[PDB]
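> The following block contains the structure, expressed as structure tokens.
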Amino acid sequence: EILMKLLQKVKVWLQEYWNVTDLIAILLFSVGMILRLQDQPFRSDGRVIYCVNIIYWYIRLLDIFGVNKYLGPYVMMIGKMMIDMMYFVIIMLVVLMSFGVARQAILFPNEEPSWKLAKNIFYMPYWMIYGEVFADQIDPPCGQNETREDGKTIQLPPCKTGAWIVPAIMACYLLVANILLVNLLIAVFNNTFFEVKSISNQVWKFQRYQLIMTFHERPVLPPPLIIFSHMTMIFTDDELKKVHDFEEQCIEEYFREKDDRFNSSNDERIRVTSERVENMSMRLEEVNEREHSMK
Amino acid sequence: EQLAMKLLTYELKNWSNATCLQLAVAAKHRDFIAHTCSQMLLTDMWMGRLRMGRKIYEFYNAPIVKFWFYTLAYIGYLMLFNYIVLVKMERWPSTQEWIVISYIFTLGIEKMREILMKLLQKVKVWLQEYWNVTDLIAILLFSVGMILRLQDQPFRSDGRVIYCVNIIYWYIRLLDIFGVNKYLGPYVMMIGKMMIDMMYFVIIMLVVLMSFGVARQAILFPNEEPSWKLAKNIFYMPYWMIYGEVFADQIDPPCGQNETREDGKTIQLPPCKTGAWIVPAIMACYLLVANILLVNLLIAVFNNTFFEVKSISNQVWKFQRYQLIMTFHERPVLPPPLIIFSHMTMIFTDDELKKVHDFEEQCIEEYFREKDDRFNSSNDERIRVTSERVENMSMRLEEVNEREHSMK
Ligand SMILES: CCCCCCCC/C=C\CCCCCCCC(=O)O[C@H](COC(=O)CCCCCCCCCCCCCCC)COP(=O)(O)OCCN
Ligand SMILES: CCCCCCCC/C=C\CCCCCCCC(=O)O[C@H](COC(=O)CCCCCCCCCCCCCCC)COP(=O)(O)OCCN
Ligand SMILES: CC(C)CCC[C@@H](C)[C@H]1CC[C@H]2[C@@H]3CC=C4C[C@@H](OC(=O)CCC(=O)O)CC[C@]4(C)[C@H]3CC[C@]12C
Ligand SMILES: CC(C)CCC[C@@H](C)[C@H]1CC[C@H]2[C@@H]3CC=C4C[C@@H](OC(=O)CCC(=O)O)CC[C@]4(C)[C@H]3CC[C@]12C
Ligand SMILES: CC(C)CCC[C@@H](C)[C@H]1CC[C@H]2[C@@H]3CC=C4C[C@@H](OC(=O)CCC(=O)O)CC[C@]4(C)[C@H]3CC[C@]12C
Ligand SMILES: CC(C)CCC[C@@H](C)[C@H]1CC[C@H]2[C@@H]3CC=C4C[C@@H](OC(=O)CCC(=O)O)CC[C@]4(C)[C@H]3CC[C@]12C
């Protein structure tokens, strides 16, 4: 398809993003296939590459759905709302990191450097958004004299210098996140929906032509079997006068109608009436004054 | 465009050499600044000479690069603060903590220099902004924490917690940095305006929460001596009930019954309480009232207020842009960590004017003539004139016709 200067063809091809993503996915699949066949230690990596790659092909069904009348605009609307999603994400991330760092620092006062800290910063607070608050770990009893049940008494730890601040910050963070920002995003979507809808519909109606022509030019067979297709590929005046007369008549009628509509405007009538009245009044006054001599 | 740009800014000996933009900003017109030409001039000043020997001076004094340097320094300081708080601390501070405290105190010194430039008027104007007040409070808290940290074991753990709680304000202060962005500044103002509706919702939510908590606590634990745990228990579970944790285990335990148990000796069940089913009933009613009604009402409030707030926020940001640009124009080149050396250094044609005036006079004349022509072209003016002349003409014609009888 790209083969049909070459730089212009490449630029036009890159104008579309689906082709770029398809090329990237095909390259990743080739890498995975090469890794799969080379002995035991590499085969498990190629399998995971396949598993992660299948997701793009699963999602590519939106391009197929684009043809549908009632379903194409949905995809464009989602694509446009992704930007507001990102803007929400930035602030959500800032608040998330603040809360996570505070929680991690308040607890575990002594701990040597390691990479687990970064994971712990993000782990719990992100899941706190979607309804999992970890009720067990909010505020454990810590130090006390507990005899336990059905077992020997277990001496409780000595607690930490400050922990109640952790529940306080948790409450504040949940209040800020689960209520304010999400509802603000809902309002943004509600405001932008009407503006985006008509534009998306018109743009889809325009892209319909290119879709139809692309499917008109393609070979009959599908990709699995078009290898044979590739092998084959490498191997009246009166009517025109009537149309012109019709067009000329239409032009004349349209111009005449436009002129008549402009003349029918009340502004034109008012202007003409005022001009004639002013001229007529002056002429009448002169006649009346001149009539005195006749008298 | 060039004539407008020239007319906008040029020193006037008549008005103490003050340009039009300065007067408009001081007047707080809020619409002269937002005009496209003014925004273009502000952007041109923002990018300085590089509107893409002398390079070292011009490039490094442009506001934009100084802004980026300040941002990078702030980000690095934040990273060091995070590393410090996460990792354990010995009796004496490390290099990172020295760098952090030096940054904090240099920032305080910079604030003092800025306020120093009567003194009461300066203080009032400074307090007009809230970010400076919050920064001062945070710096004082950090100083308290630093003093507490160094005084023996029992106090050091308190200073560490002070640091941990303080870092949050610096984390949140990135909104001021984001304020410069075109598409992101208005978001912050919108959030600030919605906080009020948040508070109004909070009051009623708190009332209902307290009612339910007190009812639950009183129905259970009929006998219990006074203590502070009751206040905590009033608030604990019901607040978390909002966000999807209902504590299914504790809704309605079996209480009294003959249970043989499993894989163990039979455990005699307690004798229950006088009334418990009322607790599930009240829980259901409270959840219905809270998780559905009030939240959706708040959603509706936000939807209604969003459009009203959006345009005002955009205009206000466009106005504040000028002060932002000038503030970054006046600041020193170096960022806070290294401006101690900066502080040490600091302590140590007529024809064109006639053409502009002629252009302005021509514009005034043209505008007034156009306004007069537009007013005269109004249909009301034509209708009024036509009626007046017709009435006068009709009366004159009637008199002539009556007088014509004598001639006959
Ligand atoms: C290491 C971990 C990686 C994480 C992998 C992702 C996790 C899988 C689960 C969920 C992923 C869902 C991602 C949401 C995708 C939304 C895309 C969408 O609807 O917007 C579309 C945007 O269209 C585009 O521009 C094409 C962009 C598609 C890229 C999607 C890639 C996501 C899949 C990741 C898998 C990894 C391979 C990716 C290779 C690039 C629809 O708009 P349009 O009108 O058709 O514009 C076409 C312009 N000519
Ligand atoms: C003892 C326990 C204390 C609890 C600590 C808080 C818990 C930490 C987790 C989450 C905190 C999130 C708080 C939400 C902050 C929202 C602020 C916001 O976006 O509104 C802003 C309002 O702007 C302002 O007026 C500045 C006010 C900022 C104060 C924020 C302080 C909260 C942090 C608390 C930390 C303790 C130190 C505080 C010291 C005062 C944006 O509006 P603006 O247009 O820029 O107005 C500027 C006027 N010139
Ligand atoms: C505000 C938006 C942008 C959300 C961003 C949050 C993500 C960056 C967080 C949420 C959950 C996190 C993950 C939680 C757990 C892990 C496993 C971790 O790998 C291991 O734990 C090694 C094996 C082991 O030791 O158990 C690598 C990071 C990852 C994917 C974390 C990386 C960052 C994630 C994806
Ligand atoms: C946007 C800003 C706030 C940056 C993000 C804040 C933190 C999540 C980042 C910033 C720098 C990071 C640190 C960079 C260097 C190190 C040391 C390094 O630990 C080791 O050297 C030991 C390696 C091992 O034994 O595995 C890895 C974690 C840590 C603390 C990183 C963990 C997370 C930190 C504190
Ligand atoms: C409607 C809006 C305004 C929500 C307001 C609710 C908050 C005032 C509640 C929710 C969770 C409560 C916290 C839950 C647990 C604790 C720990 C408690 O400290 C202890 O328990 C001492 C140590 C111990 O005995 O275990 C101090 C109060 C605090 C922060 C509670 C105080 C009040 C909080 C923040
Ligand atoms: C807005 C209105 C409804 C006020 C809030 C209602 C309750 C949450 C407050 C009001 C008065 C408070 C009481 C004021 C005095 C005391 C006694 C005091 O207990 C002790 O004297 C023993 C101290 C100890 O042993 O620790 C602390 C709790 C209690 C019941 C307080 C707990 C919570 C109460 C009932």
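Chain labels follow the order of the structure tokens: the first chain is A, the next B, and so on; residue numbering restarts at 1 in every chain, and ligands are counted from 1 in their shown order.
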Please check which protein, DNA or RNA residues sit within 12 Å of ligand 3, counting only C-alpha atoms and all ligand atoms, and write them as a ChimeraX atom specification.

/A:85-98,100,114-130,177

> Quick one: pick out all helix (DSSP H, G or I) residues within range 75-260 of chain B from a backbone DSSP run and write them as a ChimeraX atom specification.

/B:75-86,95-116,119-128,130-149,152-172,174-178,185-219,229-241,248-250

> Define the interface residues of chain B facing chain A as those within 6 Å, counting only C-alpha atoms, and report them as number ranges by chain.

B: 85-86, 88, 164, 168, 243-244, 299, 303, 386

> Would you mind telling me which residue in B:42, B:288, B:246, B:237 lies nearest to ligand 5 when using only C-alpha atoms and all ligand atoms?

B:237

> Which chains and residue numbers are within 6 Å of ligand 2, counting only C-alpha atoms and all ligand atoms, if I want them as a PyMOL selection string?

(chain A and resi 99+165+168-169+172-173) or (chain B and resi 129-131+134+137-138+168-169+188-189+191-192)

> Please dump the current selection as a PDB file, in the first residue's frame; keep N, CA and C atoms.


ATOM      1  N   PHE A  99       0.010  12.085  49.903  1.00  0.00           N
ATOM      2  CA  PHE A  99      -0.530  11.227  50.956  1.00  0.00           C
ATOM      3  C   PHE A  99       0.334   9.989  51.162  1.00  0.00           C
ATOM      4  N   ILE A 165      -2.468  10.889  63.109  1.00  0.00           N
ATOM      5  CA  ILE A 165      -2.326  11.764  61.955  1.00  0.00           C
ATOM      6  C   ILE A 165      -2.577  10.990  60.670  1.00  0.00           C
ATOM      7  N   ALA A 168      -6.282  10.830  60.097  1.00  0.00           N
ATOM      8  CA  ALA A 168      -6.756  12.169  59.751  1.00  0.00           C
ATOM      9  C   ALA A 168      -6.448  12.497  58.291  1.00  0.00           C
ATOM     10  N   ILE A 169      -5.204  12.260  57.873  1.00  0.00           N
ATOM     11  CA  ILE A 169      -4.809  12.545  56.498  1.00  0.00           C
ATOM     12  C   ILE A 169      -5.565  11.643  55.534  1.00  0.00           C
ATOM     13  N   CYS A 172      -9.009  13.185  55.057  1.00  0.00           N
ATOM     14  CA  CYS A 172      -8.937  14.380  54.221  1.00  0.00           C
ATOM     15  C   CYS A 172      -8.678  14.020  52.762  1.00  0.00           C
ATOM     16  N   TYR A 173      -7.762  13.081  52.520  1.00  0.00           N
ATOM     17  CA  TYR A 173      -7.427  12.687  51.157  1.00  0.00           C
ATOM     18  C   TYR A 173      -8.614  12.046  50.456  1.00  0.00           C
TER      19      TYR A 173
ATOM     20  N   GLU B 129      -1.863  38.725  49.568  1.00  0.00           N
ATOM     21  CA  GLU B 129      -1.685  37.385  49.026  1.00  0.00           C
ATOM     22  C   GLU B 129      -1.628  36.360  50.152  1.00  0.00           C
ATOM     23  N   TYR B 130      -2.198  35.182  49.899  1.00  0.00           N
ATOM     24  CA  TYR B 130      -2.246  34.119  50.896  1.00  0.00           C
ATOM     25  C   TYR B 130      -1.084  33.141  50.781  1.00  0.00           C
ATOM     26  N   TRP B 131      -0.527  32.969  49.579  1.00  0.00           N
ATOM     27  CA  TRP B 131       0.586  32.040  49.411  1.00  0.00           C
ATOM     28  C   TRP B 131       1.767  32.436  50.286  1.00  0.00           C
ATOM     29  N   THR B 134       1.029  31.413  53.912  1.00  0.00           N
ATOM     30  CA  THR B 134       1.195  29.977  54.104  1.00  0.00           C
ATOM     31  C   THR B 134       2.667  29.588  54.082  1.00  0.00           C
ATOM     32  N   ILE B 137       4.193  30.493  57.428  1.00  0.00           N
ATOM     33  CA  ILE B 137       3.786  29.543  58.460  1.00  0.00           C
ATOM     34  C   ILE B 137       4.553  28.234  58.312  1.00  0.00           C
ATOM     35  N   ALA B 138       4.682  27.743  57.078  1.00  0.00           N
ATOM     36  CA  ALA B 138       5.393  26.489  56.853  1.00  0.00           C
ATOM     37  C   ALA B 138       6.861  26.611  57.236  1.00  0.00           C
ATOM     38  N   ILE B 168       3.970  17.973  53.009  1.00  0.00           N
ATOM     39  CA  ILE B 168       2.735  17.960  52.228  1.00  0.00           C
ATOM     40  C   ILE B 168       2.458  19.333  51.627  1.00  0.00           C
ATOM     41  N   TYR B 169       2.695  20.401  52.393  1.00  0.00           N
ATOM     42  CA  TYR B 169       2.455  21.741  51.867  1.00  0.00           C
ATOM     43  C   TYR B 169       3.350  22.033  50.672  1.00  0.00           C
ATOM     44  N   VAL B 188      -7.351  25.304  38.838  1.00  0.00           N
ATOM     45  CA  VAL B 188      -7.100  25.562  40.252  1.00  0.00           C
ATOM     46  C   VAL B 188      -8.124  26.543  40.806  1.00  0.00           C
ATOM     47  N   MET B 189      -8.411  27.607  40.054  1.00  0.00           N
ATOM     48  CA  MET B 189      -9.392  28.588  40.505  1.00  0.00           C
ATOM     49  C   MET B 189     -10.773  27.958  40.617  1.00  0.00           C
ATOM     50  N   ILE B 191     -11.437  24.809  41.289  1.00  0.00           N
ATOM     51  CA  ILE B 191     -11.430  23.988  42.497  1.00  0.00           C
ATOM     52  C   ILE B 191     -11.615  24.865  43.730  1.00  0.00           C
ATOM     53  N   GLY B 192     -10.877  25.975  43.785  1.00  0.00           N
ATOM     54  CA  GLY B 192     -10.995  26.876  44.915  1.00  0.00           C
ATOM     55  C   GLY B 192     -12.401  27.408  45.090  1.00  0.00           C
TER      56      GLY B 192
END

> When you draw a straight line from CA of residue 76 in chain A to CA of residue 60 in chain A, how long is it in Å?

14.0 Å

> Could you give me, as CSV, a per-residue list for chain B showing, wherever an atom lies at most 10 Å from an atom of ligand 4, the closest pair of atoms and their distance in Å to one decimal, using only C-alpha atoms and all ligand atoms and sorting by chain then residue number from low to high?


residue,atom,partner,partner_atom_place_in_ligand_line,distance
B:74,CA,ligand 4,2 (C),9.9
B:75,CA,ligand 4,2 (C),6.5
B:76,CA,ligand 4,2 (C),7.8
B:77,CA,ligand 4,3 (C),9.0
B:78,CA,ligand 4,3 (C),5.8
B:79,CA,ligand 4,10 (C),4.8
B:80,CA,ligand 4,11 (C),7.2
B:81,CA,ligand 4,35 (C),8.3
B:82,CA,ligand 4,35 (C),5.3
B:83,CA,ligand 4,35 (C),4.4
B:84,CA,ligand 4,35 (C),8.1
B:85,CA,ligand 4,35 (C),8.9
B:86,CA,ligand 4,35 (C),7.2
B:87,CA,ligand 4,30 (C),7.4
B:171,CA,ligand 4,3 (C),7.6

> Please extract the residues at most 9 Å from ligand 5, counting only C-alpha atoms and all ligand atoms, and provide them as a VMD selection string, using the chain letters and residue numbers of this document.

(chain A and resid 138 to 143 159 162 to 172 175) or (chain B and resid 199 201 to 210 229 231 to 240)

> Env of range 32-40 of chain B: 10 Å cut, atoms = only C-alpha atoms, seq-sep filter 2 positions within chain, self excluded. Answer as JSON, numbers by chain.

{"B": [1, 4, 5, 8, 20, 21, 22, 24, 25, 28, 29, 30, 42, 43, 44, 45, 46, 314, 315, 316, 317, 318, 319, 320, 321, 322]}

> Could you write those residues out with N, CA, C and O atoms, as a short mmCIF file (atom, residue, chain, number, x, y, z; two decimals), in the first residue's frame?


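Result file is selection17.cif:
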data_model
loop_
_atom_site.label_atom_id
_atom_site.label_comp_id
_atom_site.auth_asym_id
_atom_site.auth_seq_id
_atom_site.Cartn_x
_atom_site.Cartn_y
_atom_site.Cartn_z
N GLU B 1 -1.26 47.45 13.48
CA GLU B 1 -0.80 46.83 14.71
C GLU B 1 0.38 47.59 15.31
O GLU B 1 0.44 47.80 16.53
N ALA B 4 -0.74 50.71 17.13
CA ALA B 4 -1.33 50.38 18.42
C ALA B 4 -0.27 50.02 19.44
O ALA B 4 -0.34 50.44 20.60
N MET B 5 0.73 49.23 19.04
CA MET B 5 1.81 48.87 19.95
C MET B 5 2.55 50.10 20.44
O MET B 5 2.84 50.24 21.63
N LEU B 8 0.46 52.05 22.89
CA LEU B 8 0.21 51.38 24.16
C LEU B 8 1.21 51.81 25.23
O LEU B 8 0.82 52.15 26.35
N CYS B 20 0.29 53.28 29.30
CA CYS B 20 -1.14 52.98 29.36
C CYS B 20 -1.40 51.66 30.07
O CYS B 20 -2.37 51.53 30.82
N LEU B 21 -0.54 50.66 29.83
CA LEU B 21 -0.75 49.35 30.45
C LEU B 21 -0.67 49.45 31.97
O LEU B 21 -1.46 48.82 32.68
N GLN B 22 0.29 50.22 32.49
CA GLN B 22 0.40 50.36 33.93
C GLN B 22 -0.84 51.01 34.52
O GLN B 22 -1.34 50.59 35.57
N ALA B 24 -3.88 50.95 33.23
CA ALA B 24 -4.98 50.00 33.13
C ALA B 24 -4.90 48.95 34.23
O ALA B 24 -5.91 48.59 34.84
N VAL B 25 -3.70 48.43 34.49
CA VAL B 25 -3.54 47.43 35.53
C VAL B 25 -3.87 48.02 36.89
O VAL B 25 -4.57 47.41 37.70
N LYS B 28 -7.45 48.38 37.38
CA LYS B 28 -8.14 47.10 37.52
C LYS B 28 -9.31 47.01 36.54
O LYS B 28 -10.38 46.48 36.87
N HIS B 29 -9.11 47.53 35.33
CA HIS B 29 -10.18 47.49 34.33
C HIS B 29 -10.55 46.05 33.99
O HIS B 29 -11.73 45.73 33.82
N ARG B 30 -9.55 45.18 33.84
CA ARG B 30 -9.78 43.75 33.72
C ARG B 30 -10.26 43.36 32.33
O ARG B 30 -10.54 42.19 32.07
N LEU B 42 2.55 41.09 25.99
CA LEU B 42 2.99 40.41 27.19
C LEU B 42 3.80 39.16 26.85
O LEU B 42 4.82 38.89 27.48
N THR B 43 3.36 38.40 25.85
CA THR B 43 4.12 37.23 25.43
C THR B 43 5.48 37.63 24.88
O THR B 43 6.49 36.97 25.16
N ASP B 44 5.53 38.70 24.08
CA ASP B 44 6.80 39.16 23.54
C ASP B 44 7.76 39.54 24.65
O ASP B 44 8.95 39.21 24.59
N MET B 45 7.27 40.23 25.68
CA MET B 45 8.11 40.53 26.83
C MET B 45 8.49 39.26 27.59
O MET B 45 9.59 39.17 28.14
N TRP B 46 7.59 38.28 27.62
CA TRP B 46 7.85 37.03 28.33
C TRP B 46 9.02 36.28 27.70
O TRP B 46 9.86 35.72 28.41
N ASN B 314 -11.07 32.31 33.54
CA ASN B 314 -10.19 32.55 32.40
C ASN B 314 -9.77 34.02 32.33
O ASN B 314 -8.59 34.34 32.16
N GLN B 315 -10.74 34.93 32.47
CA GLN B 315 -10.43 36.35 32.41
C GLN B 315 -9.49 36.76 33.55
O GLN B 315 -8.54 37.52 33.35
N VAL B 316 -9.75 36.25 34.76
CA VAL B 316 -8.91 36.61 35.89
C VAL B 316 -7.49 36.11 35.69
O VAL B 316 -6.52 36.81 36.03
N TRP B 317 -7.33 34.90 35.16
CA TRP B 317 -5.98 34.41 34.89
C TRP B 317 -5.29 35.27 33.84
O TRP B 317 -4.10 35.59 33.97
N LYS B 318 -6.01 35.64 32.78
CA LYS B 318 -5.42 36.52 31.77
C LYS B 318 -4.97 37.83 32.39
O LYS B 318 -3.96 38.41 31.96
N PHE B 319 -5.70 38.33 33.39
CA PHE B 319 -5.27 39.55 34.06
C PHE B 319 -4.04 39.33 34.93
O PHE B 319 -3.11 40.14 34.91
N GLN B 320 -4.02 38.24 35.71
CA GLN B 320 -2.89 37.97 36.59
C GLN B 320 -1.61 37.67 35.81
O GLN B 320 -0.51 37.75 36.39
N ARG B 321 -1.74 37.31 34.54
CA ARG B 321 -0.57 37.00 33.72
C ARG B 321 0.44 38.15 33.72
O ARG B 321 1.66 37.92 33.75
N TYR B 322 -0.04 39.39 33.68
CA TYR B 322 0.86 40.54 33.64
C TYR B 322 1.71 40.62 34.90
O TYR B 322 2.93 40.81 34.83
#

> Skip residue 74 in chain A itself and residues of its chain fewer than 4 positions away, then list as an NGL selection string all residues within 12 Å of it, counting only C-alpha atoms.

:A and (62-63 or 65-70 or 78-81 or 193 or 196-201 or 204)

> Mind writing the picked residues with N, CA and C atoms as a compact mmCIF listing (two decimals), in the first residue's frame?


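The result, stored in out-v9.txt:
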# COMPACT_ATOMS: atom_id res chain seq x y z
N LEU A 62 -12.18 -1.09 17.31
CA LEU A 62 -12.82 0.21 17.17
C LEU A 62 -12.75 0.70 15.73
N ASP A 63 -11.64 0.43 15.05
CA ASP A 63 -11.54 0.78 13.63
C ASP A 63 -12.62 0.08 12.82
N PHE A 65 -15.52 -0.95 14.03
CA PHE A 65 -16.78 -0.33 14.43
C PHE A 65 -16.96 1.06 13.84
N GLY A 66 -15.89 1.69 13.35
CA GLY A 66 -16.00 3.04 12.84
C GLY A 66 -17.01 3.19 11.72
N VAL A 67 -17.26 2.11 10.97
CA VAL A 67 -18.18 2.18 9.85
C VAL A 67 -19.60 2.45 10.33
N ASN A 68 -19.98 1.92 11.48
CA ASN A 68 -21.36 2.00 11.94
C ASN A 68 -21.79 3.45 12.12
N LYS A 69 -23.06 3.72 11.81
CA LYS A 69 -23.58 5.08 11.87
C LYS A 69 -23.66 5.59 13.31
N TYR A 70 -24.21 4.78 14.21
CA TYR A 70 -24.47 5.21 15.58
C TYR A 70 -23.30 4.99 16.52
N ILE A 78 -14.73 9.69 22.95
CA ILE A 78 -13.81 9.16 23.95
C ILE A 78 -12.42 9.74 23.75
N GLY A 79 -11.96 9.75 22.50
CA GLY A 79 -10.64 10.30 22.21
C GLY A 79 -10.51 11.75 22.62
N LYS A 80 -11.58 12.53 22.45
CA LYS A 80 -11.53 13.93 22.86
C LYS A 80 -11.56 14.08 24.37
N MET A 81 -12.29 13.21 25.08
CA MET A 81 -12.36 13.30 26.53
C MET A 81 -11.08 12.82 27.22
N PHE A 193 -19.85 17.75 26.11
CA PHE A 193 -20.49 16.72 25.29
C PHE A 193 -21.20 17.32 24.08
N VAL A 196 -18.88 18.64 21.42
CA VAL A 196 -18.12 17.64 20.68
C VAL A 196 -19.02 16.82 19.75
N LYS A 197 -20.30 16.65 20.10
CA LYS A 197 -21.13 15.68 19.40
C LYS A 197 -21.30 16.02 17.92
N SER A 198 -21.72 17.25 17.62
CA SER A 198 -21.99 17.62 16.24
C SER A 198 -20.72 17.59 15.40
N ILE A 199 -19.62 18.08 15.95
CA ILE A 199 -18.35 18.06 15.23
C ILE A 199 -17.96 16.63 14.90
N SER A 200 -18.10 15.72 15.87
CA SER A 200 -17.77 14.32 15.62
C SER A 200 -18.64 13.74 14.52
N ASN A 201 -19.94 14.03 14.55
CA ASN A 201 -20.83 13.50 13.52
C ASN A 201 -20.43 13.99 12.14
N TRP A 204 -17.18 12.32 10.97
CA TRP A 204 -17.40 10.94 10.53
C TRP A 204 -18.06 10.91 9.16

> Enumerate residues in contact with ligand 6: an atom-to-atom distance of at most 7 Å, counting only C-alpha atoms and all ligand atoms. Format the result as number ranges by chain.

B: 226-228, 230-231

> Selected residues, N, CA, C and O atoms, written as an mmCIF file, in the first residue's frame, please.


data_model
loop_
_atom_site.group_PDB
_atom_site.id
_atom_site.type_symbol
_atom_site.label_atom_id
_atom_site.label_comp_id
_atom_site.auth_asym_id
_atom_site.auth_seq_id
_atom_site.Cartn_x
_atom_site.Cartn_y
_atom_site.Cartn_z
ATOM 1 N N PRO B 226 -17.466 6.834 81.567
ATOM 2 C CA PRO B 226 -17.052 7.901 80.648
ATOM 3 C C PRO B 226 -15.599 7.749 80.225
ATOM 4 O O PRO B 226 -14.743 7.328 81.004
ATOM 5 N N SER B 227 -15.331 8.104 78.972
ATOM 6 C CA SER B 227 -13.988 8.049 78.411
ATOM 7 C C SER B 227 -14.022 8.736 77.054
ATOM 8 O O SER B 227 -15.088 9.080 76.538
ATOM 9 N N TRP B 228 -12.836 8.931 76.479
ATOM 10 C CA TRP B 228 -12.716 9.615 75.200
ATOM 11 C C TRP B 228 -12.913 8.693 74.004
ATOM 12 O O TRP B 228 -13.024 9.187 72.877
ATOM 13 N N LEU B 230 -15.499 7.150 73.212
ATOM 14 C CA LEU B 230 -16.848 7.305 72.679
ATOM 15 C C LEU B 230 -16.871 8.284 71.511
ATOM 16 O O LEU B 230 -17.533 8.037 70.495
ATOM 17 N N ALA B 231 -16.157 9.403 71.638
ATOM 18 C CA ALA B 231 -16.119 10.379 70.555
ATOM 19 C C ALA B 231 -15.505 9.779 69.298
ATOM 20 O O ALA B 231 -16.004 9.998 68.188
#

> At a cut-off of 6 Å and counting only C-alpha atoms and all ligand atoms, what residues surround ligand 1? Please answer as a PDB file with N, CA, C and O atoms, in the first residue's frame.


ATOM      1  N   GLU A  16      -1.686   9.193   9.406  1.00  0.00           N
ATOM      2  CA  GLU A  16      -2.556   8.320  10.182  1.00  0.00           C
ATOM      3  C   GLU A  16      -1.768   7.634  11.291  1.00  0.00           C
ATOM      4  O   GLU A  16      -0.601   7.273  11.113  1.00  0.00           O
ATOM      5  N   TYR A  17      -2.416   7.454  12.442  1.00  0.00           N
ATOM      6  CA  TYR A  17      -1.773   6.841  13.600  1.00  0.00           C
ATOM      7  C   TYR A  17      -2.007   5.338  13.684  1.00  0.00           C
ATOM      8  O   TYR A  17      -1.167   4.618  14.244  1.00  0.00           O
ATOM      9  N   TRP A  18      -3.124   4.847  13.142  1.00  0.00           N
ATOM     10  CA  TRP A  18      -3.402   3.416  13.200  1.00  0.00           C
ATOM     11  C   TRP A  18      -2.304   2.618  12.511  1.00  0.00           C
ATOM     12  O   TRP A  18      -1.900   1.557  12.998  1.00  0.00           O
ATOM     13  N   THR A  21       0.758   2.455  14.821  1.00  0.00           N
ATOM     14  CA  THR A  21       0.557   1.499  15.905  1.00  0.00           C
ATOM     15  C   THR A  21       0.618   0.067  15.389  1.00  0.00           C
ATOM     16  O   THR A  21       1.172  -0.817  16.053  1.00  0.00           O
ATOM     17  N   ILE A  24       4.252  -0.861  14.871  1.00  0.00           N
ATOM     18  CA  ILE A  24       4.914  -1.117  16.149  1.00  0.00           C
ATOM     19  C   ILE A  24       4.504  -2.478  16.697  1.00  0.00           C
ATOM     20  O   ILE A  24       5.342  -3.247  17.190  1.00  0.00           O
ATOM     21  N   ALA A  25       3.209  -2.796  16.631  1.00  0.00           N
ATOM     22  CA  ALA A  25       2.735  -4.075  17.144  1.00  0.00           C
ATOM     23  C   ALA A  25       3.325  -5.237  16.358  1.00  0.00           C
ATOM     24  O   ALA A  25       3.680  -6.269  16.936  1.00  0.00           O
ATOM     25  N   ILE A  55      -3.508  -7.490  23.365  1.00  0.00           N
ATOM     26  CA  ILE A  55      -4.415  -6.439  23.815  1.00  0.00           C
ATOM     27  C   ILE A  55      -4.636  -5.405  22.717  1.00  0.00           C
ATOM     28  O   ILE A  55      -5.753  -4.904  22.532  1.00  0.00           O
ATOM     29  N   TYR A  56      -3.575  -5.040  21.992  1.00  0.00           N
ATOM     30  CA  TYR A  56      -3.728  -4.058  20.922  1.00  0.00           C
ATOM     31  C   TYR A  56      -4.665  -4.568  19.837  1.00  0.00           C
ATOM     32  O   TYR A  56      -5.509  -3.819  19.332  1.00  0.00           O
ATOM     33  N   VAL A  75     -16.387   6.735  19.564  1.00  0.00           N
ATOM     34  CA  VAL A  75     -14.938   6.596  19.659  1.00  0.00           C
ATOM     35  C   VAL A  75     -14.269   7.964  19.630  1.00  0.00           C
ATOM     36  O   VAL A  75     -13.344   8.240  20.406  1.00  0.00           O
ATOM     37  N   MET A  76     -14.720   8.839  18.731  1.00  0.00           N
ATOM     38  CA  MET A  76     -14.144  10.177  18.647  1.00  0.00           C
ATOM     39  C   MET A  76     -14.395  10.955  19.932  1.00  0.00           C
ATOM     40  O   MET A  76     -13.517  11.686  20.413  1.00  0.00           O
ATOM     41  N   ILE A  78     -14.732   9.693  22.947  1.00  0.00           N
ATOM     42  CA  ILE A  78     -13.814   9.159  23.952  1.00  0.00           C
ATOM     43  C   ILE A  78     -12.420   9.740  23.751  1.00  0.00           C
ATOM     44  O   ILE A  78     -11.753  10.170  24.705  1.00  0.00           O
ATOM     45  N   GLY A  79     -11.957   9.753  22.499  1.00  0.00           N
ATOM     46  CA  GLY A  79     -10.645  10.297  22.210  1.00  0.00           C
ATOM     47  C   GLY A  79     -10.512  11.746  22.624  1.00  0.00           C
ATOM     48  O   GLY A  79      -9.456  12.168  23.102  1.00  0.00           O
TER      49      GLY A  79
END
